[PDB]
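These notes are about the structure you will find just below.
Note: ideal-geometry Cβ built from the backbone for every residue, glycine included; neighbour counts use all protein chains shown. No value in this document is a laboratory result; all are computed from the given coordinates.
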Ligand SMILES: Nc1ncnc2c1ncn2[C@@H]1O[C@H](C[C@@H](N)CC[C@H](N)C(=O)O)[C@@H](O)[C@H]1O
């Protein structure tokens, strides 16, 4: 069993009450207060991200794990956190987001953050059946967690099948969620894909400990398997601390306002 695949068994053996304490222990979390007011009051201009995803992407872009440029395609865009953040960035010219939508799946939110005129999101789109289109930057943030690691595995491999046909079109900047990176079939697929399109895996500290998500990003490199194990070790280390402490809070990204040419 991989170290992740021990962390999962452990995770599942936790009481509802220990679960709650653990999921946010020592993680980075952002101050979303003002964002749900804007949300209540429909303030589309306050600069408040529509979701937690904006901060996660910003963590990876600021460290040059991905450098969005040209036309961005955002698969699984949900409310649009990644799309609106990308729209603020200088290299970016056009952002095309796609998301399933429907009941129980997030609908895109219309906002007037900086570069919003550059954003087009289409809900009602199941990306597993959408044909690929040219792009310079590929995002994908899809992966429904699950107590079963085999379910998470099949979900992950299906995503990594779908993404390959987009990467075949040339974008050299990408950022793709890997929900279940500790399963062997997923590690094997990533090495194959890494041989073909490069990049490597990074653990965003804003992720909750209740999931092992990692992001295959074009600006990382190095051994896929060991990067996975290193994060596995962190998550296990946090399950075994005796004094809990809570998350480390930080301010959210301000996405500003206004149109871009
Ligand atoms: N087959 C699918 N096709 C399109 N969207 C999907 C599909 N499966 C799941 N999704 C959506 O993918 C989105 C995943 C979210 N984590 C995206 C959040 C987004 N990155 C943000 O920052 O706001 C969910 O909103 C799903 O509804």
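At each listed q (0.13, 0.15, 0.19 Å⁻¹), what is the log10 of I(q)/I(0) that the Debye formula gives for the range 15-153 modelled as equal alpha-carbon point scatterers?
Calculated log10 I(q)/I(0) at the listed q: -0.64, -0.83, -1.22.
In percent, how large is the relative contact order of the range 69-154, given Cα pairs closer than 8 Å and 6 or more residues apart?
Numbers: 163 pairs, mean separation 30.4, N = 86.
Contact order relative to length: 35 percent.
Averaged over all directions, how much area does the convex hull of the C-alpha atoms of the range 72-191 cover when projected, in nm²? Each step should come with its number before you reach the end.
Values: hull surface 30.7 nm².
Dividing the Cα hull surface by four gives the mean projection, 7.7 nm².
Once label points are set 7 Å from the Cα along Cα→Cβ at both residue 151 and residue 17, what is their separation, rounded to one decimal in nm?
Once both label points are built, they end up 2.6 nm from each other.
What share of the DSSP beta bridges in the chain is antiparallel, in percent to the nearest 5? Numbers along the way, then the final one.
Numbers: 7 of 30 bridges.
Close to 25 percent.
Per residue, how big is the convex hull of the range 110-261 when only Cα atoms are used? Give it in Å³. Don't skip to the answer; put the middle values down first.
Values: hull volume 22.6 nm³, N = 152.
Output value, Cα hull per residue: 149 Å³.
Is the C-alpha gyration tensor of the range 121-206 telling us rounded, prolate or oblate? Criteria: a/c under 1.5 is rounded; beyond that, a/b larger than b/c is prolate, otherwise oblate.
Values: a/c = 1.63, a/b = 1.22, b/c = 1.33.
Note, shape of the range 121-206 comes out oblate.
At 1.567 mPa s and 4 °C, plugging the Kirkwood radius over alpha-carbon pairs of the range 3-251 into Stokes-Einstein gives what diffusion coefficient in µm²/s?
Values: Rh = 18.6 Å.
Stokes-Einstein gives a translational diffusion coefficient of 70 µm²/s.
Order 216-222, 47-53, 72-78, 100-106 from most to least packed using the mean count of other Cβ atoms within 10 Å. Numbers along the way, then the final one.
On the way: 216-222: 19.4, 47-53: 21.7, 72-78: 26.4, 100-106: 12.7.
Descending packing order for the listed peptides: 72-78, 47-53, 216-222, 100-106.
Using the 10 angstrom Cβ neighbour count as an exposure proxy, how do 142, 236, 159, 176 rank, fewest first? Please list the in-between numbers first.
Working: 142 22, 236 16, 159 25, 176 29.
So the ranking, lowest neighbour count to highest, is 236, 142, 159, 176.
Contact order normalised by length for the range 3-251, with contacts defined as Cα pairs under 8 Å and 6 or more residues apart; what percent is it?
Reported as a whole number, the value is 25 percent.
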